[PDB]
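One chain comes next, on its own, written out as structure tokens in the form deposited in one PDB entry.
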């Protein structure tokens, strides 16, 4: 089992906090990351979202997926994962503005498609794929996770969460019927491809969030693919357009995406 014996995990510096949890850099067989899902006695919702997140993570054993290490219920509900030196893709592209070579951008894309293909084969829909959830371990290896603390685990689009730029037209329309599919994860991956190849977030010239929501959902607005840097291969721009298709069934799945990136990478 993955239940860590009591009084083994130690917690150090607070790395983040939100409505749905607090993350610390901790110690348990070396450096680890610890997520405290509750503070006071947990609600039945918190216990269930904990059981569901642990259920998802315990099924993952892949180099491009954040390493789940274990869990604790005493004294608080905790999830222990590996600790990674580095920064997320978001930090690199939009905060410190790292100028990666085209070969590295294609490799980050390949490693993300690699981890995504794995999750989909295990019937795990990410539901929140974006550059912030793509960690660059030692600024070289992609480690996909869900580092967000604004959202809860399980169920599917209540809403209320700013990951709108990576939302497929069918997800951004905020309908009662569950809009989440493998294809909505592919659209989010297409947005990540846009960020890699442009170095920008889409719709940067629109200052109104409700207008972005309305227009993407209605198909009036889509990413400007002419913004992709000159050295972006024609196959990559073609793949990006395929992933961003408004009709979800027209979107390629990750075994196809992965084969397209692997062929692209060999032909540089």
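Residue numbers count along the first chain shown, from 1. Only the largest set of C-alpha atoms that superpose within 1.5 Å between the two forms is called the rigid core.
The discussion below concerns the form solved in complex with a partner chain, not included here.
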query: Among the candidates 218, 227, 237, 51, the residue which, in the deposited complex, approaches the partner chain to within 4.5 Å (heavy atoms); finding: 218
query: is_contact(residue 172, the partner chain) in the deposited complex, heavy atom dist at most 4.5 Å; finding: yes
query: 4.5 Å heavy atom contact, residue 94 and the partner chain in the deposited complex; finding: yes
query: Residue 72 within 4.5 Å of the partner chain in the deposited complex, heavy atoms; finding: no
query: Interface membership of residue 231, the partner chain in the deposited complex, 4.5 Å heavy atom rule; finding: no
query: Sole residue of 152, 144, 125, 105 shifting 2 angstroms or more in CA between this form and the one not shown, core aligned; finding: 152
query: Core superposition between this form and the one not shown, C-alpha change of residue 246 at least 2 Å; finding: no
query: C-alpha of residue 42 off by 2 Å or more between this form and the one not shown on rigid core; finding: yes
query: After fitting the core, residue 62 CA displacement of 2 Å or more between this form and the one not shown; finding: no
query: Inter-Cα distance between residue 124 and residue 150 in the deposited complex, nearer or further [3 Å or more]; finding: closer
query: Inter-Cα distance between residue 127 and residue 150 in the deposited complex, nearer or further [3 Å or more]; finding: closer
